[PDB]
Amino acid sequence: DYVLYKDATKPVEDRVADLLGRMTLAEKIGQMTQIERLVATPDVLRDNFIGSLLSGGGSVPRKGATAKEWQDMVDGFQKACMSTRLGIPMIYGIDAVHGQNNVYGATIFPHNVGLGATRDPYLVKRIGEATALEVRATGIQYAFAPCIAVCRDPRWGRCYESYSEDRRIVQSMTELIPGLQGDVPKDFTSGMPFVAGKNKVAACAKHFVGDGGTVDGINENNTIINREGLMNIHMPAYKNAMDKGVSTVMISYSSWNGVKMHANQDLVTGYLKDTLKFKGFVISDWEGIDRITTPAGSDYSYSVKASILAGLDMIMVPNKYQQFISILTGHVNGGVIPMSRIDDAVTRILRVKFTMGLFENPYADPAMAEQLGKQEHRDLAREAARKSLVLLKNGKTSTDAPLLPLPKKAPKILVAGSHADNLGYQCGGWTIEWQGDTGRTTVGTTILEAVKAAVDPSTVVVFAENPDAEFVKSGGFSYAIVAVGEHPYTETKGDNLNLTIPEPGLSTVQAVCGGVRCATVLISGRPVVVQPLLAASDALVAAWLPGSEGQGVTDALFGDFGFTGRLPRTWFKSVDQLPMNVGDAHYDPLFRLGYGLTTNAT
Ligand SMILES: *[C@@H]1O[C@H](CO)[C@@H](O[C@@H]2O[C@H](CO)[C@@H](O[C@@H]3O[C@H](CO[C@H]4O[C@H](CO)[C@@H](O)[C@H](O)[C@@H]4O[C@@H]4O[C@H](CO)[C@@H](O)[C@H](O)[C@H]4NC(C)=O)[C@@H](O)[C@H](O)[C@@H]3O[C@@H]3OC[C@@H](O)[C@H](O)[C@H]3O)[C@H](O)[C@H]2NC(C)=O)[C@H](O[C@@H]2O[C@@H](C)[C@@H](O)[C@@H](O)[C@@H]2O)[C@H]1NC(C)=O
Ligand SMILES: *[C@@H]1O[C@H](CO)[C@@H](O[C@@H]2O[C@H](CO)[C@@H](O[C@@H]3O[C@H](CO)[C@@H](O)[C@H](O)[C@@H]3O[C@@H]3OC[C@@H](O)[C@H](O)[C@H]3O)[C@H](O)[C@H]2NC(C)=O)[C@H](O[C@@H]2O[C@@H](C)[C@@H](O)[C@@H](O)[C@@H]2O)[C@H]1NC(C)=O
Ligand SMILES: *[C@@H]1O[C@H](CO)[C@@H](O[C@@H]2O[C@H](CO)[C@@H](O[C@@H]3O[C@H](CO)[C@@H](O)[C@H](O)[C@@H]3O)[C@H](O)[C@H]2NC(C)=O)[C@H](O)[C@H]1NC(C)=O
Ligand SMILES: OC[C@@H]1[C@@H](O)[C@H](O)[C@@H](O)c2nc(-c3ccccc3)cn21
């Protein structure tokens, strides 16, 4: 017979229905199953008709693996999936959340909070475009981004993954989506999924919904807010995502007024699917269904029932697929979960796969490998890093000479601090490892390296990680650049009730600035206690987590470009004020949202 679903000339909806009508229950449940590459094998993928794989943070074929190595890995998995009776290609997902960040040599862009500081949605679109190319360079078709959380309390470990505490800024930055996926057609119906083809990736608006509104910024916790507030703060950017054809939505670990998002049929089915008319696929977070219960995983039968009935389509298991498949099969065999629900989930998954061209181009393009770390993308990251910087102070009194921009020609200068020559620290979490890491973890340019690359050949650059006061006073320095701040973190490991930077940091700034005029570069995922750093410093720059291209920092320090970044978040006076956001009745910031000093290019 002619087999319609294999015909690339046929409409997506026709292809979906034709394929769905041929599938066994095992093949359907297989599509709904996403597994870690760490548990995948050719036989496993074939035997269980697996629909998707992912790499979690740090889940890589080997350290320092080339783009070709990633392609060969993904293709090996694909070959197994293509060998099934129906030959449904798998989709491979990864957290490419500031570039293709798990991958050695990938361009690392500034994290979201810094991007928010740029107020430049077209810049963010261009980052999406570059990111899609670097993800496809590694054979991967699906990025778990953007995080469109609206972080309402910086004690949250994922505050850096949020563009802003102001939903309007988060809404504007949804331009990442058509960057990653391609621009939607003129005819486009809001809520339909879209990916332009083999040089773009499926995107993922996450985490639905209110992940940024949890009590005291406790990760995965309870968001206590009325429906009006949920809809006014936490929801708006999802509608922009629908308008831009986001292919997938990932559900949050968090709860809304005590109801787990992973079990919330009202929001997932009633609102996202039935009201916003979302027609792509809904994916769980990692063991997100396990975490419906207390303790997590204590009633996995319930977890599967609750989540699938709530409206989730694909489960990021990611390890215990046999248990998942067995339990879901049993619920269906028993009539507890209707075939209509399974058919809906599979319809949505297949719709995304056919739409994005996956059946036509299931394998990697070796000619794309060279896109990884491409200099043009690094130039873009450098632009973004520079634009993200917020100048908080530029002179100790209203009558001092402005310190910035600094002269490129001086007899001798000092570069100091724990963050001056630490690529891992300047990238933060979700870089190479899940939690990020310390030192030279990838290809990039540290602040020290950037200074050396910028200054006149006659200027002597001295590096001292933690010099004492006497070293500085006796050094004959013209000025110093001192870089300090937070260590890399991700998710719960980043939750922090005190928001004070690790030492040595302040002590180094005090030692250096006490001896010579100093520009302090603060590397952080969020506002942190800053008055003492301010008091010591002639100038102070909030650089956020600027990524691999440290020359973005020096581009502004030395006046190649003027500072333009503006705070995308409130800077608090103390943590006991928190939560405190723009528009609050009680609003007493150290620096308001939108604050930022400027300079002009030399
Ligand atoms: C304000 O709250 C913060 C969050 O609660 C808190 O930071 C956390 O402190 C705890 C300890 O109280 C840390 O847990 C331990 O981490 C040890 C190793 O920590 C180093 O490596 C990790 C990455 O693996 C970094 O994230 C850390 O920052 C730290 O980095 C090292 O720091 C040195 C000093 O600056 C540097 O010289 C050094 O170069 C640098 N090294 C690296 C690799 O960058 C582990 O060995 C411990 O076992 C412990 O781990 C925990 O074990 C219990 C388990 O429940 C936890 O899940 C597990 O994490 C934690 O890492 C840290 N969180 C961060 C930074 O994200 C602040 O504490 C301050 O900083 C810490 C690091 C200590 O210096 C404290 O003495 C200090 O108080 C809180 N600040 C205040 C004022 O109270
Ligand atoms: C010395 O520095 C100052 C301060 O940065 C420069 O003035 C700024 O110039 C910006 C760029 O031209 C102005 O931004 C624009 O503002 C308009 C009006 O709101 C807006 O419609 C534009 O989109 C743009 O806004 C930016 O868009 C990109 C975002 O990422 C960014 O966050 C937005 O700010 C800005 O308003 C202006 N600021 C002030 C206080 O005047 C100044 O530049 C000089 O003057 C401006 C007005 C303009 O005519 C420039 O061509 C001109 O160079 C700069 N001076 C020099 C000599 O470089
Ligand atoms: C929001 O976060 C709080 C704080 O982490 C969560 O409450 C905590 O819930 C855990 C279990 O999920 C409790 O752990 C248990 O502690 C008791 C101690 O008697 C012990 O018997 C158990 O073995 C287990 O370890 C923990 O006590 C509790 N913490 C506090 C201080 O209340 C809360 O569940 C989170 N809410 C949401 C919606 O996620
Ligand atoms: O990496 C896959 C997803 C990612 O896309 C989500 O944004 C994020 O919430 C997340 N946390 C874990 C994860 C959490 C705890 C242990 C192991 C893994 C896994 N993931």
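In each ligand, atom 1 is the first atom listed, and ligand 1 is the first ligand listed. Scope of the values below: all heavy atoms of this structure, side chains included, with no hydrogens, waters or symmetry mates. Residues take their numbers from the sequence shown, with the count starting at 1.
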**Message:** Checking contacts now, so for atom 33 (C) of ligand 3, which I'm interested in, is there any protein heavy atom under 4.0 Å?
**Reply:** yes

**Message:** Under 4.0 Å from a heavy atom of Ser255: which atoms of ligand 3 are those, numbered in the order shown and with their elements?
**Reply:** 38 (C)

**Asked** Less than 4.0 Å between atom 23 (O) of ligand 3 and some protein heavy atom, yes or no?
**Response** no

**Distance flag for atom 50 (C) of ligand 2, protein heavy atom under 4.0 Å** = no

**Asked** Is the shortest distance from a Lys or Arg side-chain nitrogen in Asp421 or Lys452 to a carboxylate oxygen in the other one below 4.0 Å?
**Response** no

**Prompt:** With atoms numbered from 1 as shown, which atoms in ligand 1 lie under 4.0 angstrom from a non-hydrogen atom of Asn496?
**Reply:** 1 (C), 2 (O), 3 (C), 4 (C)

**Item:** Minimum non-hydrogen distance to atom 82 (C) of ligand 1, winning option of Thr500, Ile501, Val484, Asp495
**Value:** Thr500

**Prompt:** Is the closest protein non-hydrogen atom to atom 42 (C) of ligand 1 under 4.0 Å?
**Reply:** yes

**Message:** I'd like to check atom 4 (C) of ligand 1 in this structure: does the protein have a heavy atom lying under 4.0 Å from it?
**Reply:** yes

**Asked** Can you check whether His419 and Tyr425 have ring centres sitting under 6.0 Å from each other?
**Response** yes

**Request:** Please write down residue, atom name and distance for the protein heavy atom closest to atom 28 (C) of ligand 2.
**Result:** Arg119 O, 4.4 Å

**Asked** Considering all protein heavy atoms, does one lie under 4.0 Å from atom 45 (O) of ligand 2?
**Response** no

**Item:** Pair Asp95 + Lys206: basic N to acidic O under 4.0 Å
**Value:** yes

**Prompt:** Within the structure, does at least one protein heavy atom fall under 4.0 Å of atom 40 (C) of ligand 2?
**Reply:** no

**Message:** Under a 3.5 Å threshold, yes or no: a donor from one side chain and an acceptor from the other, between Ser252 and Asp285?
**Reply:** no

**Item:** atom 37 (C) of ligand 3: any protein heavy atom closer than 4.0 Å
**Value:** yes

**Message:** Quick test of your reading of the model: are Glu383 and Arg126 salt-bridged, counting only N-O distances below 4.0 Å?
**Reply:** yes

**Prompt:** Are any non-hydrogen side-chain atoms of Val103 and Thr442 less than 4.5 angstrom apart?
**Reply:** no

**Prompt:** Is atom 34 (C) of ligand 1 close to the protein, meaning a heavy atom under 4.0 Å from it?
**Reply:** yes

**Request:** Could you tell me whether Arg517 sits above the aromatic face of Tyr479, with NZ or CZ closer than 6.0 angstrom to the six-membered ring centre and within 45 degrees of the axis?
**Result:** no

**Request:** Please indicate, with yes or no, if any protein heavy atom is found under 4.0 Å from atom 32 (O) of ligand 2?
**Result:** yes

**N or O pair under 3.5 Å between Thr598 and ligand 2** = no

**Fill in**
Of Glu486, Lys493, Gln435, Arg155, the one whose closest heavy atom lies nearest atom 56 (C) of ligand 1 is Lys493

**Asked** Got a protein heavy atom sitting under 4.0 Å from atom 26 (C) of ligand 2?
**Response** no

**Complete:** Ranked by distance from atom 12 (O) of ligand 3, the top protein heavy atom is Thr294 CG2, 3.6 Å

**Fill in**
Between the NZ atom in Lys244 and the CD atom in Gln181, the distance rounded to the nearest 0.5 Å is 11.5 Å

**Item:** Residue, atom name and distance, where the atom is the protein heavy atom closest to atom 3 (C) of ligand 2
**Value:** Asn600 ND2, 3.6 Å

**Message:** Checking contacts here: is it the side chain or the backbone of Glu503 that comes within 4.0 Å of ligand 1, counting heavy atoms only? Could be both or neither.
**Reply:** backbone

**Item:** Heavy atom of protein closer than 4.0 angstrom to atom 2 (O) of ligand 3
**Value:** yes

**Asked** Quick one: is the NZ or CZ of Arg158 closer than 6.0 Å to the six-membered ring centre of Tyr160, and within 45° of its axis?
**Response** no

**Message:** Could you identify the single nearest non-hydrogen protein atom to atom 25 (C) of ligand 1 and state the distance to 0.1 Å?
**Reply:** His487 ND1, 4.0 Å

**Prompt:** Does some non-hydrogen atom of the protein lie less than 4.0 angstrom from atom 18 (C) of ligand 1?
**Reply:** no

**Prompt:** Is the closest protein non-hydrogen atom to atom 8 (C) of ligand 2 under 4.0 Å?
**Reply:** no

**Prompt:** Looking at side-chain heavy atoms only, is the closest gap between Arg155 and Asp216 below 4.5 Å?
**Reply:** yes

**atom 17 (C) of ligand 3 within contact range, any protein heavy atom under 4.0 Å** = no

**Message:** Quick check for you: to the nearest 0.5 Å, what is the distance between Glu220 atom CD and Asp211 atom CG?
**Reply:** 10.5 Å

**Message:** Taking only non-hydrogen atoms of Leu497, do any sit less than 4.0 angstrom from ligand 1?
**Reply:** no

**Request:** Describe, in one word, how the ring planes of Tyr238 and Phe208 are oriented to each other, choosing from parallel (under 30°), tilted (30 to 60°) and perpendicular (over 60°).
**Result:** perpendicular

**Message:** Can you tell whether the side chains of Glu486 and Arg526 come within less than 4.0 Å, N to carboxylate O?
**Reply:** yes

**Asked** Just going by heavy-atom distances, which of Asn221, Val215, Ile218, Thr223 is nearest to atom 39 (O) of ligand 3?
**Response** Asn221

**Request:** Determine whether the side chains of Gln265 and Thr269 contain a donor N or O and an acceptor N or O closer than 3.5 Å.
**Result:** no

**Asked** Counting only non-hydrogen atoms of the protein, does one fall under 4.0 Å from atom 77 (C) of ligand 1?
**Response** no

**Request:** Could you find the nearest protein heavy atom to atom 67 (C) of ligand 1 and give me its residue, atom name and distance?
**Result:** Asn498 ND2, 3.8 Å

**Message:** Could you check whether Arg152 pairs with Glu165 (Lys NZ or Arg NE/NH1/NH2 to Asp/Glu carboxylate O, under 4.0 Å)?
**Reply:** no

**Asked** Are any non-hydrogen side-chain atoms of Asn112 and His98 less than 4.5 angstrom apart?
**Response** no

**Message:** Determine whether any protein heavy atom is located less than 4.0 Å from atom 5 (O) of ligand 2.
**Reply:** yes

**Message:** Under 4.0 Å from atom 37 (C) of ligand 2, can you find at least one protein heavy atom?
**Reply:** no

**Prompt:** If we ignore angles and hydrogens, is there a donor and acceptor under 3.5 Å between the side chains of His377 and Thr131?
**Reply:** no

**Prompt:** So, do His207 and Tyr253 have ring centers that fall under 6.0 Å from each other?
**Reply:** no

**Prompt:** Is there at least one protein heavy-atom neighbour under 4.0 Å from atom 7 (O) of ligand 1?
**Reply:** no

**Prompt:** Looking at atom 30 (O) of ligand 2, what's its closest protein heavy atom, distance included?
**Reply:** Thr118 O, 2.5 Å

**Prompt:** Counting each atom of ligand 3 from 1 as listed, which ones have a heavy atom of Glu220 under 4.0 Å away?
**Reply:** 39 (O)

**Prompt:** Is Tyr302 close to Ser307 at the side-chain level, that is, under 4.5 Å between some pair of heavy atoms?
**Reply:** no

**Message:** Can you tell me which portion of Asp437 lies within the under-4.0 Å heavy-atom range of ligand 1? Options are side chain, backbone, both, or neither.
**Reply:** neither

**Message:** Distance alone, cut at 3.5 Å: any donor-acceptor contact between the side chains of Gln435 and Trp430?
**Reply:** no

**Prompt:** Looking at ligand 2, does any of its N/O atoms fall within less than 3.5 Å of an N/O of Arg566?
**Reply:** yes

